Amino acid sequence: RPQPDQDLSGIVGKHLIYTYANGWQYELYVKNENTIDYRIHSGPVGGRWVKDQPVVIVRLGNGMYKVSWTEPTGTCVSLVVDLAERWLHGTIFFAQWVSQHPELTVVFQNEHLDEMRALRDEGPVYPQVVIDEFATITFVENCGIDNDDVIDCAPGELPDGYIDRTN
């Protein structure tokens, strides 16, 4: 009864666009074994985007990966990504203050890390608000490792049909 092989070559370099069952459109790029960039297009935190988010990735089975991390806002995330079947499951544990004021996290976070930690330390943190939703993966491409051009602007500054592309 072996635990699955931990080769991550099937996930690193992957760039995906996905729509949660509640309509929220998210974007992910797996920069390397332990780093992602992401960009949020709609829902309460549409406009939020992040580079060089440290992440822990494990392989669950064929084309199936788990991606988990914590954010400077205090938010915790664990994703299950099925590339083969083109779906994803997201658990987002956000702090109470992020639930109350999602607008305050709508930034290029890399230019505002101190502000995020100030809002986090101010709270309130508890109780945490939990989102569990399935998403459809509408788009997948391979952009290779450590490519800083994949996610390099606010979602508002992209062409209008960028988020709507399919394969």
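From 1 onward, residues are counted along the sequence shown.
Stretches 111-119 and 133-141 differ in mean CA B factor, with 111-119 having the higher one. Of the two segments examined, 124-132 and 40-48, it is 124-132 that shows the higher average Cα temperature factor in the deposited entry.
In this PDB entry, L79 carries a Cα temperature factor that places it within the lowest third of its chain's modelled residues. Sorting the modelled residues of the chain by their CA temperature factor places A21 in the lowest third.
In this PDB entry, the Cα temperature factor of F94 sits in the top third of its chain's modelled residues, the highest group.
In the deposited entry, the Cα temperature factor of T105 places it in the lowest third of its chain's modelled residues. In the deposited entry, the Cα temperature factor of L28 sits in the bottom third of values across the chain's modelled residues.
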